[PDB]
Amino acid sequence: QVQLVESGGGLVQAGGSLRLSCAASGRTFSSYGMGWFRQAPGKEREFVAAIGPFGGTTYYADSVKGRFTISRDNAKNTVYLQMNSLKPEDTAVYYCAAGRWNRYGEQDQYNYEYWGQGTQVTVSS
């Protein structure tokens, strides 16, 4: 049983930065791939970024590559999403998720066993 809790969202000005974090409860955080997904009003939920178990390979959606950075602190059971050069198109609810994929399938929502409740991020002009 895993419990995922996101923190850090809110209102930000276009061009600014926010850091999201997700804290997981449990004993073996380091053996889970961790992912971030987002859903804009009127659209389907979509992959943002992920970081795999063990060594921690990183994965990014094309729309966020170079602007977003994902990392994990296994001592803190926390995954971080550093959101730079934010655009109004990044406005959405951002969901943290945990799965036991290893090197493949990290963008597939069915590959995740646990879903956080999501936090709103709003990028204004």
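A residue's number is simply how far along the shown sequence it sits, counting from 1.
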Problem - Mean C-alpha B-factor comparison - 72-80 and 96-104, higher one - result: 72-80
Handout entry: Higher-scoring stretch by recorded Cα B factor average, 53-61 or 40-48
Key = 40-48
Practice task
Among all modelled residues of this chain, ranked by Cα B factor, put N111 in the bottom, middle or top third, i.e. lowest, middle or highest.
Solution key: lowest
Practice task
Taking the chain's C-alpha temperature factors as the reference, tell me which third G33 falls into: lowest, middle or highest.
Solution key: lowest
